[PDB]
Amino acid sequence: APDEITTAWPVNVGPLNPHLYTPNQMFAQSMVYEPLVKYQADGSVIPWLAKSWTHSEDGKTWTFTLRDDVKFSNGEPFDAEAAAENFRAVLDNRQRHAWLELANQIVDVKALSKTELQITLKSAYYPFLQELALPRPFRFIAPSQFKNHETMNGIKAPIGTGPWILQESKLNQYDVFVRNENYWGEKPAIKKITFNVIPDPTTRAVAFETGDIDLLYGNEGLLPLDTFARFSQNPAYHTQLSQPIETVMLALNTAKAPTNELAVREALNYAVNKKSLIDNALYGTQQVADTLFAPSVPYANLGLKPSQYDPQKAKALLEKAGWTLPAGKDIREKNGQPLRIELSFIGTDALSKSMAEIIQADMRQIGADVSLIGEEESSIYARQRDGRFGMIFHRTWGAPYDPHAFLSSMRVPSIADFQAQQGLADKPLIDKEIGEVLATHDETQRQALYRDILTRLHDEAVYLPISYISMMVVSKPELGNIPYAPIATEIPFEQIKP
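Right, let's walk through the structure included here. By convention in this text, residue numbers begin from 1 on each chain and track the written sequence, not necessarily the entry numbering, and residues missing coordinates are not displayed. Values reported for side chains reflect all heavy atoms of the structure, with hydrogen atoms and water molecules removed beforehand.

**Some remarks on the sheet that holds strand β10 (residues 164-170)**
With mixed pairing, the four strands of this open sheet are ordered in space as β1-β12-β11-β10. With one partner strand each, in any of the chains shown, β1 (4-9) and β10 form the two edges of the open sheet. Averaged over all neighbouring strand pairs, the angle between strand axes comes to 20°, with direction disregarded. By this definition, two strands are paired if DSSP reports at least two bridges between them. Think of it this way: any DSSP run of H or I at least four residues long counts as a helix, any run of E at least two long counts as a strand, and we number them from the N terminus. With five bridges joining them, strand β11 (residues 174-179) and strand β12 (residues 192-197) adopt antiparallel strand pairing. Bridged to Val 178 within β12 is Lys 192. Only the contacting stretch of a helix is used when fitting its axis, a line to C-alpha atoms as for every element, and angles between N-to-C directions run 0 to 180 degrees.

So this is what it looks like as structure tokens:
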């Protein structure tokens, strides 16, 4: 069966509603559902379900000509009405999609014929096509599977147009997908993929070591990083490590003492030897980040000045701001208040715990007391939603989210970035500029606005960038080279060719 593979995922794939979020897993939604236009590594989108498109002079009305040969896996036609119904279904839940600005921009969607689909926008929203390309929410389920003509209250069968079809799913156990034999595009070489549900990282490693699974593909939490390095030298195995796809960083709460002070935030940015942290916790498998977005990210090659590890400069910044060492204590004080910052993370995540310990030790060296608050996932997500944190671990979202969608989301009060930026005096101006860059036509103004947004965020030391992380792969050699999806949450099973 060299055309059947078995892999693993920490949880089951979810209901596979194309228009909702947790517990729906994005890789799975992208296996079954498809976009109008498809995102490529070079930054462009290509025709997909939409073979072509045009837009009005003012850039608010877009007309897409759809392929006419596409069926949903249940035999029903994909056409403009089915696509229009889908857009209606998503936008009936509009407030759930506020993180994504396209959802606030779409004013009308209508099927002009079986093959003409017209979409009207509030303003000339430039990242229109890119946002249509995302795994969710703008992808298409057969309208017969709506519940009372909606999807926001659940779907019936997860029927998409894509190259994979969900065969069966056992809560807590394993999800099976099968090749769509009536797929409009190219047939995948693989016929069956089984995801075993294996929540724990070392347990995933052991399963691969026993031969229970054939493939592991994911970000830096996929399996323990020490095990990954040993696997990469093991000639019985195949491993890969991609070029970096996103930033991992700390977000500092600019509205809470003592991270409300610019001097404290700048000092913490000089306190951490990031190469040491990576070589200590991450087994040298990731790259040092000095900036919220890597210089390879669109619009973000700005010559921003790194804050190199420099504990002497960190101490001086603290001293100049009145944070001094009492005799004979290691932790600074100002106005009888200790320099204490809470770092909250998921307490069962061993890699978070390690990095957090390194951060705490590096900051103690400059006289800052970091207390580690490890809590369950729900509590942590509530904290970020609510701004109940001093520092948190946080990541950017990779291409094509970075930078436009990630910045867009900083305006949304329930996103951790808004909460972290809440105390900045120029936060109103930053959000106005974010709104402007997304609507702007003038390419020179677009670049100025990105420059200003990113430069203010860097200079205000809202973040502590740590590393640019990569996708990792571990596989049985028989599977061959495993390609990457140009979107970070997607796994390109359709292109595996043993």
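**A short note on unusual backbone geometry**
Cis geometry is adopted by the peptide bond preceding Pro 258, which originates at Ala 257 and carries an omega value of -5°. You can see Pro 258 is positioned in the loop between β14 (238-252) and α7 (262-270). Omega for the bond connecting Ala 399 with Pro 400 falls within 30 degrees of zero, at -5°, which places this linkage in the cis form. As for its position among the elements, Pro 400 is in the loop between β20 (391-395) and α12 (404-408). Here the phi dihedral of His 149 falls at roughly 65°; this positive angle occurs in a residue that is not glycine. With respect to the element layout, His 149 can be found in the loop between β8 (146-147) and β9 (150-155). In this scheme, a residue with accessible area under 20% of its type's maximum is buried, one over 50% is exposed, and one in between is partly exposed, where area comes from a 1.4 Å probe on protein chains only. The exposed category is assigned to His 149, whose relative accessible area is 58%. One non-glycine residue, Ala 461, adopts positive backbone phi at about 50°.

**Examining the packing of aromatic side chains**
The description of an aromatic ring pair uses the distance of the two centres, along with the angle that the planes make with each other. Pairing of aromatic rings covers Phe, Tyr and the six-membered ring of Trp, with a centre-to-centre limit of 6.5 Å; geometry is then stacked below 30 degrees between planes, edge-to-face above 60, and tilted otherwise. Applying the stated criterion to the full structure yields 23 aromatic pairs. Grouped by ring-pair contacts, the aromatic residues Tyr 21, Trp 99, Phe 293, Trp 397, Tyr 401 and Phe 406 constitute a single cluster.

Interpretation note: all reported values are geometric properties and have no functional meaning in isolation.
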